[PDB]
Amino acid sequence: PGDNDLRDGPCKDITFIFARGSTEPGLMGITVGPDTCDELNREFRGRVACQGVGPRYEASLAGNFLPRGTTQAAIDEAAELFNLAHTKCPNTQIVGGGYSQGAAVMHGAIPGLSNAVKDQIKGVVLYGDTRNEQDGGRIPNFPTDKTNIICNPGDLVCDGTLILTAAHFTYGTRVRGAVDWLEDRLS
């Protein structure tokens, strides 16, 4: 899988739409985005398309202090990608993902999607979620049993302010658990 597969590749049975954080470069970032994509593909080999939220989402650090914790352009771009999966590949199983500010993108884009698009989203994994406290530990109007907010012990960004600590940068160790959780929701 690549980083622009939903826009530029054939439909796959599983489509991973991921919004990066800690302003890593590229559509997918460098750390947990590619890691999650790679491990999903190893569990469902050849059946996974991977898609980063970009390039209109620029993942700027200052964007964390906008009202929704990211730019409206980023939220719009993510929503367009979920809707594209729905029209281009109506049978694909969508997995949403975000890290840090990328979780704020997912918190903003998913609530407004149609019921039918939400039916296609089988799970959303949010690493180091900067909006955990602000949205009450869930994505608004999206099922909690399809939501996995992963907060490391000591990662204070999940407590309502942007206090960065070393624990915010260790989510590579949580990818195996994230993919185990996704497997219970994917076929």
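Residue numbers run from 1 along the displayed sequence.
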Looking at the entry, does 63-71 or 23-31 show the higher mean C-alpha B-factor? 23-31
Per the PDB entry, mean CA B-factor is higher for 5-13 or 168-176, namely for 5-13
Comparing C-alpha B-factors across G52, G137, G154, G123 in this entry, the winner is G154
Out of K118, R47, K146, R56, which residue has the highest Cα temperature factor in the PDB record? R56
How does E43 rank on Cα B-factor within its chain, lowest, middle or highest third? highest
